[PDB]
Amino acid sequence: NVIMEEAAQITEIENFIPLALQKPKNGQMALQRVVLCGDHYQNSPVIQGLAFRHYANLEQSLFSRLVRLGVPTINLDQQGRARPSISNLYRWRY
Amino acid sequence: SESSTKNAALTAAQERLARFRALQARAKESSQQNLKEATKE
Amino acid sequence: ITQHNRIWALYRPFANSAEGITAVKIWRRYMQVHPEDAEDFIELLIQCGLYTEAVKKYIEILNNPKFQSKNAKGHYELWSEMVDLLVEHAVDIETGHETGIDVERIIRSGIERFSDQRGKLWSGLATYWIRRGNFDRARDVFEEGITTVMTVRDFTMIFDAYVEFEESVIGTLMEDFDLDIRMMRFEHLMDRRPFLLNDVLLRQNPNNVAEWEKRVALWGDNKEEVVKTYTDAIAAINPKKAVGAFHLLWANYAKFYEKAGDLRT
Amino acid sequence: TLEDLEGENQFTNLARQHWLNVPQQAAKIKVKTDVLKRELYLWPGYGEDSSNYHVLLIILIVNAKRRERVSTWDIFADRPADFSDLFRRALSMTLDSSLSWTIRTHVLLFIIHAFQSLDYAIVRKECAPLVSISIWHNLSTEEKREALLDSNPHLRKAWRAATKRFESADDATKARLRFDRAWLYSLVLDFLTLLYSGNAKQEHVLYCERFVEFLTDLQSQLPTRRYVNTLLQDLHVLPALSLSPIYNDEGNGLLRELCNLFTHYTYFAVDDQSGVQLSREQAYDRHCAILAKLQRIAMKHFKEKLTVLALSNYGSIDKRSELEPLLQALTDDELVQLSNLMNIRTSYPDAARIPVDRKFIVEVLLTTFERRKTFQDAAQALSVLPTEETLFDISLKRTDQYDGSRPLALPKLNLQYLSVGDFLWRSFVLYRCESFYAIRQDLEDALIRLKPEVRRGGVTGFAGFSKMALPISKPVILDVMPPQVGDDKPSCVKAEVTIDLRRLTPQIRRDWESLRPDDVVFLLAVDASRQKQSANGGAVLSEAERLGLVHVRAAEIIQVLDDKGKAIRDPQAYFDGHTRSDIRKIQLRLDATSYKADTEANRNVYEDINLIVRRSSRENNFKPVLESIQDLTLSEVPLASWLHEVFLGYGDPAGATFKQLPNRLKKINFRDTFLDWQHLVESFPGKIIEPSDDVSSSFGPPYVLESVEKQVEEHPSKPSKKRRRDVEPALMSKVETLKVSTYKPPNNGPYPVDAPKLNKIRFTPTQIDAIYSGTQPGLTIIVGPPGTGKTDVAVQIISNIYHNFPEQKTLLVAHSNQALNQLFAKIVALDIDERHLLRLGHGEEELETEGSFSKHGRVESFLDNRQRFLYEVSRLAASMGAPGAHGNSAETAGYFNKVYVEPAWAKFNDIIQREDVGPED
């Protein structure tokens, strides 16, 4: 079982590296559970190259690609950290 | 015709066997020449 | 560590008597501390049928430059034994990128390291391909070995192996298009064998102007081939160190162009 | 840009003169003509009566929004008929050659942006007929289409369905489908005509580059590629572009690179229809079959002239130079007959006026018979270590100067990929390009700080001071290991480099003396005298030539030694103590491939190297990432079949969930996930939850939830065929029976420390559903905002996975050290053992947790626990009267504990097993 946090802030290659850290057994992988917790509305990963970030879309993450594809995701609708005004200001995008 | 075709196939097989024998003799002669050249070297 | 070595020495007869995969694991555990018996482990794997494991162990032993054979076995002899085992087990041993066993890459590395028997290595690769059933791959390997042989003995051995394989294939087929193509390729190789021998002699010693004259005579009536062989002999042979008959080479070049019927050029 | 369009532009003036000609007496208010306001005013006013200028302005606004990463598909999806009409108008304008080249390039860019936005329903519906089976209907040879239909039954069924739909359609729909197919064909023909017309300008070159980028993007998307590759192979777009004078120009390097990228994408080793990635063996078998078919066609058609071509081997005919004389022996008529017999389009339409000569047919035959390496071979051929040419490449300079005005020949990441190996190769190429750009920027900064110049005697010296670079002499090679098995390059090439830190600062000297093993460094040979030739007015120097750098070779420093050649055992004592000498020696392993290439080409780069450049520890980790990416690309199976199917963007996206996977857990032990029965009832709304036992009273924690599916009772109703048309399929939710079972937790001892930790956070129903999805096998995605307790839910899921499956291994992935410390603290707060918890990372990072989760910290904690367990075992042996020292060793403690307790525990269990033994007994 592999669980990743802040998957939107990590690259797709970096996310696929943890999914291929172990060699397959008898032609098949031993991974059974793959959990990715993140926020697609958060900041994307930092890319030094502007052309790589824009034209090559290197700043796109695996979680953002899965959300854009139409994968079933569970969305949390309860916040208990900030004030109600700040939470409502942060709830416009969500 | 099934009789003339068999004769033509037999003639082609005989020609192929003769060509294979000639190629084997030429290969033996070339191998002897290559052995002589290797001894000379 | 000393007591572990003593326990390994005491349990070596137990591992030998136990046999099988348990003995293979025990030998691997012993080689994890004392890898000097890796040749004995490869022999036990060959007795158990682990060809891929033995090949991987041989590759690991060849990768380590500090590995010393306990039975004073040479590196070239070990490489030849591994090549013979791969040729004799081309279908039993699974070859692929998953197992990391590349027969062609290892054969090329051995031919580059041992250029004296590079033609013999190509012949062994062709034999392994014939044992694997790939006749086209064996023919391509034989053609590459014939075109890349700088040794007369290695080229002769490769040509003899290719001729024997072609004769066996012709005997099996006689007793369609692929066999005809192989026969035509063999005929073309037999026709160009004098040219290949001349090229190999020029690679060994281009100074033999007599060899170039023999090649030009073997060219025969093909006028463009004759002219290009004289131009190549001009560009290649140094007159300061030539050993054939260079003056006679210019002489029969003049004879050929006079019998062509022109004077000025 | 947006500010340029907001100003008094020609397009804005034309729109004001044409569309804003209302005679209404508007007030004289100085309102700024914003791009968003103009887009809002034009989108609601867009219709079928709008002119082509409005459509061009909308396309330009969409392109500007796409370049600025602004979403525009929702505004067009608000009106679907208007969006379809705009797409049809854009396709008609792209097919029409009456517009300017800039307008055609803008329309092509808009079409490429729409193709890259295929996740939208309207864009996918608009682009569906363009990449449908109608392209195969417009093939040059009907025999090739018939053979393709006979080979794939699914393709034949799709073609039959498309033909039936076209026949059953009215005049409008069939006319629209034929117009789309003819627009694609005319776009290909117009691209070929512009390529072969000659005298191409900058606009024509930009249009050709945009067309190449669009073709590469179409080949990247497999559902479009399954027809685009066939259309490009039938039309011979690659041979036309190769023979084009625009691609033959020296200034069209970017266009040539884009054409090469499009050819690589079109010739990718992957199935077009099935979508399965083809290996090198499959590509070799396909090439051998093509060669055998060509040899059979030659033997049946031109065996007299091509006897050598039809009698050779696969390796002797796969080369273009090898097959050049055989093609030159045959005539143009024989080549045309061979192309016609091979279902190759040897003639083009007269409207495009594509020149089909003997040279063009020879180039097409050479391209068709050329053996192409797979993506794995291209990934293996790429060098991880950057060089002077790789850092100063023309593609890197174009990417650095790229601003979105022109396309770039780089891989693009999208929602769908051709293969997992193709995506891995694209990620590896992007990472290598980013690392090369960063290394080039660092080298340029180091050269600017050093300021190289020519000193007396011609020796190149440094005037400025650079902290990341140091002047060094020629390194001396210490040892060269033999090559490995199957590898031409050597195993290791170790050399020694002498450096001086007398003039350097103490901080710089401490940083240089404390270099980590295998640290990436660059040995640079630089000569600034040749830049004086740039002052002479000679050739145009590059960035490296202007900076004075000539050559750069990557290396990995393994160890640092003093002036006496002895390794520093204590670096802290050496730094604190007074060093006798300021000269140090560093052992470095050079690049084996680069050293082999330098030795083979007789290049004395090591004898001319005059500087050594280092980098930061965090910024010098690109080499291991590139190596891992190359290993993943070379791996045949990098992921599971379900994970690869989900990641590829093909098929059902919900197939990787627990509801669709066949390995879903029927019963999952939630333990202390629910605070009480009321919390579990509130967290599971809409589902029937009943107790497993016959007691109707509610049970508290721990709780185990089993999702038992209710069996539908198939009553023996009569098969009435009348009420079957109006009875729509009702989406009845499958009410899974959530059986709750309560079990007594096992005691861990009478001590208060033996009490397990329980969760005290009331999770929301969405958080409970996310935790249930994470606990079940499959793929789970948790979209949580800041402050939604995502870390707490992840810790609860990790604790549930550890409790339910002790044999399974948990792999936590984080992005920051603070997040990892918070996750470790949350796991420590939960019922997670510290012995099974480990952390991977650098040893110099400060651990914010109370316990050290590093390897040394885990070893120290294990040693302390072993000492405590030995003391406890000694106390237990003293209490039980066991002779000897049982707490001397852990194995001895285990043996004594077994030999004492096991008979005692067996006797106690036998005594308790008697029915006459009471609680007092």
# chains A, B, ... in the order shown; residues from 1 in each chain; ligands from 1
>>> residues_around(residues="residue 353 of chain D", least_positions_apart="5", cutoff="10 Å", atoms="only C-alpha atoms", output="PyMOL selection string")
chain D and resi 189-190+192-193+196-197+347-348
>>> write_last_selection(atoms="N, CA and C atoms", output="PDB file, in the first residue's frame")
ATOM      1  N   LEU D 189      -3.194  18.476 -47.977  1.00  0.00           N
ATOM      2  CA  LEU D 189      -2.759  18.853 -49.319  1.00  0.00           C
ATOM      3  C   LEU D 189      -2.194  20.269 -49.352  1.00  0.00           C
ATOM      4  N   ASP D 190      -2.793  21.193 -48.597  1.00  0.00           N
ATOM      5  CA  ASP D 190      -2.300  22.565 -48.558  1.00  0.00           C
ATOM      6  C   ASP D 190      -0.977  22.655 -47.812  1.00  0.00           C
ATOM      7  N   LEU D 192       1.249  20.203 -47.803  1.00  0.00           N
ATOM      8  CA  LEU D 192       2.203  19.678 -48.778  1.00  0.00           C
ATOM      9  C   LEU D 192       2.507  20.698 -49.871  1.00  0.00           C
ATOM     10  N   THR D 193       1.485  21.431 -50.325  1.00  0.00           N
ATOM     11  CA  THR D 193       1.678  22.436 -51.366  1.00  0.00           C
ATOM     12  C   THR D 193       2.520  23.604 -50.869  1.00  0.00           C
ATOM     13  N   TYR D 196       6.153  22.285 -50.643  1.00  0.00           N
ATOM     14  CA  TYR D 196       6.799  22.075 -51.932  1.00  0.00           C
ATOM     15  C   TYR D 196       6.731  23.289 -52.851  1.00  0.00           C
ATOM     16  N   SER D 197       6.106  24.386 -52.416  1.00  0.00           N
ATOM     17  CA  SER D 197       5.982  25.556 -53.279  1.00  0.00           C
ATOM     18  C   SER D 197       7.302  26.308 -53.393  1.00  0.00           C
ATOM     19  N   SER D 347       0.979   8.985 -56.542  1.00  0.00           N
ATOM     20  CA  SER D 347       0.415  10.149 -57.208  1.00  0.00           C
ATOM     21  C   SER D 347      -0.464  10.908 -56.226  1.00  0.00           C
ATOM     22  N   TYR D 348      -0.376  12.227 -56.269  1.00  0.00           N
ATOM     23  CA  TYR D 348      -1.141  13.119 -55.416  1.00  0.00           C
ATOM     24  C   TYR D 348      -2.198  13.863 -56.219  1.00  0.00           C
TER      25      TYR D 348
END
>>> residues_around(residues="residue 56 of chain C", least_positions_apart="6", cutoff="9 Å", atoms="only C-alpha atoms", output="PyMOL selection string")
chain C and resi 99-101
>>> write_last_selection(atoms="C-alpha atoms", output="short mmCIF file (atom, residue, chain, number, x, y, z; two decimals), in the first residue's frame")
data_model
loop_
_atom_site.label_atom_id
_atom_site.label_comp_id
_atom_site.auth_asym_id
_atom_site.auth_seq_id
_atom_site.Cartn_x
_atom_site.Cartn_y
_atom_site.Cartn_z
CA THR C 99 16.43 -11.26 -17.04
CA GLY C 100 19.19 -8.92 -18.23
CA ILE C 101 20.76 -11.64 -20.41
#
>>> closest_residue(among="D:313, D:273, D:852, D:773", to="residue 289 of chain D", atoms="only C-alpha atoms")
D:313
>>> residues_around(residues="residue 27 of chain B", least_positions_apart="6", cutoff="10 Å", atoms="only C-alpha atoms", output="PyMOL selection string")
(chain B and resi 21+33) or (chain C and resi 159-160+163-164+167+186-187+190)
>>> closest_atom_pairs(of="chain A", to="chain D", cutoff="6 Å", atoms="only C-alpha atoms", output="JSON lines")
{"residue": "A:1", "atom": "CA", "partner": "D:810", "partner_atom": "CA", "distance": 5.1}
{"residue": "A:2", "atom": "CA", "partner": "D:811", "partner_atom": "CA", "distance": 4.5}
{"residue": "A:3", "atom": "CA", "partner": "D:812", "partner_atom": "CA", "distance": 5.1}
{"residue": "A:4", "atom": "CA", "partner": "D:813", "partner_atom": "CA", "distance": 4.3}
{"residue": "A:5", "atom": "CA", "partner": "D:814", "partner_atom": "CA", "distance": 5.4}
{"residue": "A:20", "atom": "CA", "partner": "D:638", "partner_atom": "CA", "distance": 5.6}
{"residue": "A:29", "atom": "CA", "partner": "D:640", "partner_atom": "CA", "distance": 5.0}
{"residue": "A:32", "atom": "CA", "partner": "D:777", "partner_atom": "CA", "distance": 5.7}
{"residue": "A:33", "atom": "CA", "partner": "D:777", "partner_atom": "CA", "distance": 4.7}
{"residue": "A:34", "atom": "CA", "partner": "D:779", "partner_atom": "CA", "distance": 4.8}
{"residue": "A:35", "atom": "CA", "partner": "D:780", "partner_atom": "CA", "distance": 4.7}
{"residue": "A:36", "atom": "CA", "partner": "D:781", "partner_atom": "CA", "distance": 4.9}
{"residue": "A:37", "atom": "CA", "partner": "D:782", "partner_atom": "CA", "distance": 4.5}
{"residue": "A:38", "atom": "CA", "partner": "D:783", "partner_atom": "CA", "distance": 5.3}
{"residue": "A:39", "atom": "CA", "partner": "D:783", "partner_atom": "CA", "distance": 5.1}
{"residue": "A:51", "atom": "CA", "partner": "D:399", "partner_atom": "CA", "distance": 5.8}
{"residue": "A:56", "atom": "CA", "partner": "D:412", "partner_atom": "CA", "distance": 4.4}
{"residue": "A:57", "atom": "CA", "partner": "D:413", "partner_atom": "CA", "distance": 5.7}
{"residue": "A:65", "atom": "CA", "partner": "D:415", "partner_atom": "CA", "distance": 5.5}
{"residue": "A:71", "atom": "CA", "partner": "D:653", "partner_atom": "CA", "distance": 4.9}
{"residue": "A:72", "atom": "CA", "partner": "D:654", "partner_atom": "CA", "distance": 5.9}
{"residue": "A:73", "atom": "CA", "partner": "D:781", "partner_atom": "CA", "distance": 4.8}
{"residue": "A:74", "atom": "CA", "partner": "D:782", "partner_atom": "CA", "distance": 5.1}
{"residue": "A:75", "atom": "CA", "partner": "D:783", "partner_atom": "CA", "distance": 4.8}
{"residue": "A:76", "atom": "CA", "partner": "D:784", "partner_atom": "CA", "distance": 5.1}
{"residue": "A:78", "atom": "CA", "partner": "D:788", "partner_atom": "CA", "distance": 5.7}
{"residue": "A:79", "atom": "CA", "partner": "D:788", "partner_atom": "CA", "distance": 4.5}
{"residue": "A:80", "atom": "CA", "partner": "D:787", "partner_atom": "CA", "distance": 5.9}
{"residue": "A:81", "atom": "CA", "partner": "D:787", "partner_atom": "CA", "distance": 4.9}
>>> closest_atom_pairs(of="chain C", to="chain D", cutoff="7 Å", atoms="only C-alpha atoms", output="Markdown table")
| residue | atom | partner | partner_atom | distance |
| --- | --- | --- | --- | --- |
| C:59 | CA | D:485 | CA | 5.9 |
| C:62 | CA | D:485 | CA | 6.6 |
| C:63 | CA | D:484 | CA | 4.9 |
| C:65 | CA | D:482 | CA | 6.8 |
| C:105 | CA | D:486 | CA | 5.0 |
| C:106 | CA | D:486 | CA | 4.2 |
| C:109 | CA | D:486 | CA | 5.2 |
| C:140 | CA | D:315 | CA | 6.5 |
| C:181 | CA | D:311 | CA | 4.7 |
| C:184 | CA | D:311 | CA | 6.0 |
| C:185 | CA | D:312 | CA | 6.1 |
>>> select_by_dssp(residues="segment 441-548 of chain D", states="alpha helix (DSSP H)", output="PDB file with N, CA and C atoms, in the first residue's frame")
ATOM      1  N   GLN D 441      22.853  27.402 -17.124  1.00  0.00           N
ATOM      2  CA  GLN D 441      22.721  28.667 -16.405  1.00  0.00           C
ATOM      3  C   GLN D 441      23.758  28.787 -15.293  1.00  0.00           C
ATOM      4  N   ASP D 442      23.999  27.695 -14.557  1.00  0.00           N
ATOM      5  CA  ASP D 442      25.010  27.710 -13.504  1.00  0.00           C
ATOM      6  C   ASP D 442      26.410  27.909 -14.077  1.00  0.00           C
ATOM      7  N   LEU D 443      26.711  27.258 -15.206  1.00  0.00           N
ATOM      8  CA  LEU D 443      28.013  27.424 -15.843  1.00  0.00           C
ATOM      9  C   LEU D 443      28.197  28.838 -16.379  1.00  0.00           C
ATOM     10  N   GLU D 444      27.136  29.425 -16.945  1.00  0.00           N
ATOM     11  CA  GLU D 444      27.210  30.804 -17.418  1.00  0.00           C
ATOM     12  C   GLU D 444      27.418  31.777 -16.263  1.00  0.00           C
ATOM     13  N   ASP D 445      26.731  31.553 -15.138  1.00  0.00           N
ATOM     14  CA  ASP D 445      26.927  32.399 -13.964  1.00  0.00           C
ATOM     15  C   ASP D 445      28.340  32.262 -13.408  1.00  0.00           C
ATOM     16  N   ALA D 446      28.868  31.034 -13.373  1.00  0.00           N
ATOM     17  CA  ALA D 446      30.230  30.814 -12.894  1.00  0.00           C
ATOM     18  C   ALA D 446      31.258  31.458 -13.816  1.00  0.00           C
ATOM     19  N   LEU D 447      31.034  31.393 -15.133  1.00  0.00           N
ATOM     20  CA  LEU D 447      31.950  32.026 -16.076  1.00  0.00           C
ATOM     21  C   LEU D 447      31.872  33.546 -16.006  1.00  0.00           C
ATOM     22  N   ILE D 448      30.682  34.095 -15.749  1.00  0.00           N
ATOM     23  CA  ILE D 448      30.547  35.540 -15.599  1.00  0.00           C
ATOM     24  C   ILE D 448      31.218  36.011 -14.314  1.00  0.00           C
ATOM     25  N   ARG D 449      31.085  35.237 -13.233  1.00  0.00           N
ATOM     26  CA  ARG D 449      31.724  35.607 -11.975  1.00  0.00           C
ATOM     27  C   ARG D 449      33.238  35.445 -12.037  1.00  0.00           C
ATOM     28  N   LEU D 450      33.725  34.428 -12.752  1.00  0.00           N
ATOM     29  CA  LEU D 450      35.162  34.198 -12.848  1.00  0.00           C
ATOM     30  C   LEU D 450      35.847  35.203 -13.764  1.00  0.00           C
ATOM     31  N   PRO D 506      37.061  30.908   4.783  1.00  0.00           N
ATOM     32  CA  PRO D 506      36.893  29.715   5.634  1.00  0.00           C
ATOM     33  C   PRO D 506      35.589  28.974   5.401  1.00  0.00           C
ATOM     34  N   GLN D 507      34.502  29.688   5.095  1.00  0.00           N
ATOM     35  CA  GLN D 507      33.238  29.023   4.791  1.00  0.00           C
ATOM     36  C   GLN D 507      33.316  28.263   3.473  1.00  0.00           C
ATOM     37  N   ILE D 508      33.936  28.864   2.454  1.00  0.00           N
ATOM     38  CA  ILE D 508      34.091  28.193   1.167  1.00  0.00           C
ATOM     39  C   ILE D 508      35.030  27.000   1.293  1.00  0.00           C
ATOM     40  N   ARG D 509      36.097  27.142   2.087  1.00  0.00           N
ATOM     41  CA  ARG D 509      37.013  26.029   2.317  1.00  0.00           C
ATOM     42  C   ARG D 509      36.333  24.894   3.073  1.00  0.00           C
ATOM     43  N   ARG D 510      35.486  25.228   4.052  1.00  0.00           N
ATOM     44  CA  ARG D 510      34.745  24.203   4.780  1.00  0.00           C
ATOM     45  C   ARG D 510      33.727  23.508   3.884  1.00  0.00           C
ATOM     46  N   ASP D 511      33.078  24.264   2.991  1.00  0.00           N
ATOM     47  CA  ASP D 511      32.129  23.664   2.057  1.00  0.00           C
ATOM     48  C   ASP D 511      32.832  22.758   1.053  1.00  0.00           C
ATOM     49  N   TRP D 512      34.015  23.161   0.583  1.00  0.00           N
ATOM     50  CA  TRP D 512      34.751  22.342  -0.375  1.00  0.00           C
ATOM     51  C   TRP D 512      35.331  21.095   0.285  1.00  0.00           C
ATOM     52  N   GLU D 513      35.799  21.215   1.529  1.00  0.00           N
ATOM     53  CA  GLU D 513      36.399  20.082   2.221  1.00  0.00           C
ATOM     54  C   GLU D 513      35.368  19.080   2.721  1.00  0.00           C
ATOM     55  N   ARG D 530      40.056  32.840 -27.791  1.00  0.00           N
ATOM     56  CA  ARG D 530      39.227  32.687 -28.983  1.00  0.00           C
ATOM     57  C   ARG D 530      38.101  33.710 -29.045  1.00  0.00           C
ATOM     58  N   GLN D 531      37.664  34.230 -27.893  1.00  0.00           N
ATOM     59  CA  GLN D 531      36.685  35.314 -27.888  1.00  0.00           C
ATOM     60  C   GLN D 531      37.251  36.580 -28.516  1.00  0.00           C
ATOM     61  N   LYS D 532      38.580  36.743 -28.490  1.00  0.00           N
ATOM     62  CA  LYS D 532      39.212  37.834 -29.225  1.00  0.00           C
ATOM     63  C   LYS D 532      38.987  37.695 -30.725  1.00  0.00           C
ATOM     64  N   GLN D 533      38.870  36.456 -31.219  1.00  0.00           N
ATOM     65  CA  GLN D 533      38.472  36.243 -32.605  1.00  0.00           C
ATOM     66  C   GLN D 533      37.066  36.767 -32.864  1.00  0.00           C
ATOM     67  N   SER D 534      36.192  36.713 -31.851  1.00  0.00           N
ATOM     68  CA  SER D 534      34.887  37.355 -31.961  1.00  0.00           C
ATOM     69  C   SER D 534      35.020  38.867 -32.088  1.00  0.00           C
ATOM     70  N   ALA D 535      36.083  39.443 -31.520  1.00  0.00           N
ATOM     71  CA  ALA D 535      36.385  40.848 -31.749  1.00  0.00           C
ATOM     72  C   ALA D 535      36.978  41.095 -33.129  1.00  0.00           C
ATOM     73  N   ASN D 536      37.493  40.052 -33.785  1.00  0.00           N
ATOM     74  CA  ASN D 536      38.070  40.206 -35.115  1.00  0.00           C
ATOM     75  C   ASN D 536      37.014  40.326 -36.204  1.00  0.00           C
ATOM     76  N   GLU D 543      27.045  31.126 -27.024  1.00  0.00           N
ATOM     77  CA  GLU D 543      27.145  31.582 -25.640  1.00  0.00           C
ATOM     78  C   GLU D 543      28.392  31.029 -24.962  1.00  0.00           C
ATOM     79  N   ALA D 544      28.704  29.751 -25.197  1.00  0.00           N
ATOM     80  CA  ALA D 544      29.894  29.153 -24.601  1.00  0.00           C
ATOM     81  C   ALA D 544      31.168  29.734 -25.201  1.00  0.00           C
ATOM     82  N   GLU D 545      31.154  30.030 -26.502  1.00  0.00           N
ATOM     83  CA  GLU D 545      32.317  30.642 -27.137  1.00  0.00           C
ATOM     84  C   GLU D 545      32.517  32.077 -26.665  1.00  0.00           C
ATOM     85  N   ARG D 546      31.422  32.808 -26.441  1.00  0.00           N
ATOM     86  CA  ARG D 546      31.533  34.171 -25.928  1.00  0.00           C
ATOM     87  C   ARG D 546      31.990  34.178 -24.474  1.00  0.00           C
ATOM     88  N   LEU D 547      31.537  33.204 -23.683  1.00  0.00           N
ATOM     89  CA  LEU D 547      31.953  33.098 -22.291  1.00  0.00           C
ATOM     90  C   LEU D 547      33.358  32.533 -22.133  1.00  0.00           C
TER      91      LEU D 547
END
>>> interface_residues(of="chain A", to="chain C", cutoff="12 Å", atoms="only C-alpha atoms", output="list in words")
residues 23, 24, 25, 26 and 27 of chain A
>>> closest_atom_pairs(of="chain C", to="chain B", cutoff="12 Å", atoms="only C-alpha atoms", output="JSON lines")
{"residue": "C:150", "atom": "CA", "partner": "B:38", "partner_atom": "CA", "distance": 11.7}
{"residue": "C:151", "atom": "CA", "partner": "B:38", "partner_atom": "CA", "distance": 8.6}
{"residue": "C:152", "atom": "CA", "partner": "B:38", "partner_atom": "CA", "distance": 5.4}
{"residue": "C:153", "atom": "CA", "partner": "B:38", "partner_atom": "CA", "distance": 5.8}
{"residue": "C:154", "atom": "CA", "partner": "B:38", "partner_atom": "CA", "distance": 9.4}
{"residue": "C:155", "atom": "CA", "partner": "B:34", "partner_atom": "CA", "distance": 8.6}
{"residue": "C:156", "atom": "CA", "partner": "B:34", "partner_atom": "CA", "distance": 5.9}
{"residue": "C:157", "atom": "CA", "partner": "B:31", "partner_atom": "CA", "distance": 8.9}
{"residue": "C:158", "atom": "CA", "partner": "B:31", "partner_atom": "CA", "distance": 10.5}
{"residue": "C:159", "atom": "CA", "partner": "B:31", "partner_atom": "CA", "distance": 7.7}
{"residue": "C:160", "atom": "CA", "partner": "B:31", "partner_atom": "CA", "distance": 6.7}
{"residue": "C:161", "atom": "CA", "partner": "B:31", "partner_atom": "CA", "distance": 10.5}
{"residue": "C:162", "atom": "CA", "partner": "B:27", "partner_atom": "CA", "distance": 10.1}
{"residue": "C:163", "atom": "CA", "partner": "B:27", "partner_atom": "CA", "distance": 6.8}
{"residue": "C:164", "atom": "CA", "partner": "B:24", "partner_atom": "CA", "distance": 9.1}
{"residue": "C:165", "atom": "CA", "partner": "B:24", "partner_atom": "CA", "distance": 11.5}
{"residue": "C:166", "atom": "CA", "partner": "B:24", "partner_atom": "CA", "distance": 9.3}
{"residue": "C:167", "atom": "CA", "partner": "B:24", "partner_atom": "CA", "distance": 7.2}
{"residue": "C:168", "atom": "CA", "partner": "B:24", "partner_atom": "CA", "distance": 10.8}
{"residue": "C:169", "atom": "CA", "partner": "B:20", "partner_atom": "CA", "distance": 10.8}
{"residue": "C:170", "atom": "CA", "partner": "B:20", "partner_atom": "CA", "distance": 7.4}
{"residue": "C:171", "atom": "CA", "partner": "B:20", "partner_atom": "CA", "distance": 8.9}
{"residue": "C:172", "atom": "CA", "partner": "B:17", "partner_atom": "CA", "distance": 12.0}
{"residue": "C:173", "atom": "CA", "partner": "B:17", "partner_atom": "CA", "distance": 10.6}
{"residue": "C:174", "atom": "CA", "partner": "B:17", "partner_atom": "CA", "distance": 7.6}
{"residue": "C:175", "atom": "CA", "partner": "B:13", "partner_atom": "CA", "distance": 10.2}
{"residue": "C:176", "atom": "CA", "partner": "B:16", "partner_atom": "CA", "distance": 11.7}
{"residue": "C:179", "atom": "CA", "partner": "B:16", "partner_atom": "CA", "distance": 11.1}
{"residue": "C:180", "atom": "CA", "partner": "B:16", "partner_atom": "CA", "distance": 9.8}
{"residue": "C:182", "atom": "CA", "partner": "B:20", "partner_atom": "CA", "distance": 11.8}
{"residue": "C:183", "atom": "CA", "partner": "B:20", "partner_atom": "CA", "distance": 8.5}
{"residue": "C:184", "atom": "CA", "partner": "B:23", "partner_atom": "CA", "distance": 10.5}
{"residue": "C:185", "atom": "CA", "partner": "B:23", "partner_atom": "CA", "distance": 11.8}
{"residue": "C:186", "atom": "CA", "partner": "B:23", "partner_atom": "CA", "distance": 8.6}
{"residue": "C:187", "atom": "CA", "partner": "B:23", "partner_atom": "CA", "distance": 7.4}
{"residue": "C:188", "atom": "CA", "partner": "B:23", "partner_atom": "CA", "distance": 11.1}
{"residue": "C:189", "atom": "CA", "partner": "B:27", "partner_atom": "CA", "distance": 10.1}
{"residue": "C:190", "atom": "CA", "partner": "B:27", "partner_atom": "CA", "distance": 7.2}
{"residue": "C:191", "atom": "CA", "partner": "B:26", "partner_atom": "CA", "distance": 9.9}
{"residue": "C:192", "atom": "CA", "partner": "B:30", "partner_atom": "CA", "distance": 11.1}
{"residue": "C:193", "atom": "CA", "partner": "B:30", "partner_atom": "CA", "distance": 8.1}
{"residue": "C:194", "atom": "CA", "partner": "B:30", "partner_atom": "CA", "distance": 9.0}
{"residue": "C:196", "atom": "CA", "partner": "B:34", "partner_atom": "CA", "distance": 11.1}
{"residue": "C:197", "atom": "CA", "partner": "B:34", "partner_atom": "CA", "distance": 8.3}
{"residue": "C:198", "atom": "CA", "partner": "B:37", "partner_atom": "CA", "distance": 10.7}
{"residue": "C:200", "atom": "CA", "partner": "B:37", "partner_atom": "CA", "distance": 11.0}
{"residue": "C:201", "atom": "CA", "partner": "B:41", "partner_atom": "CA", "distance": 8.9}
{"residue": "C:204", "atom": "CA", "partner": "B:41", "partner_atom": "CA", "distance": 9.4}
{"residue": "C:205", "atom": "CA", "partner": "B:41", "partner_atom": "CA", "distance": 10.3}
{"residue": "C:211", "atom": "CA", "partner": "B:37", "partner_atom": "CA", "distance": 11.5}
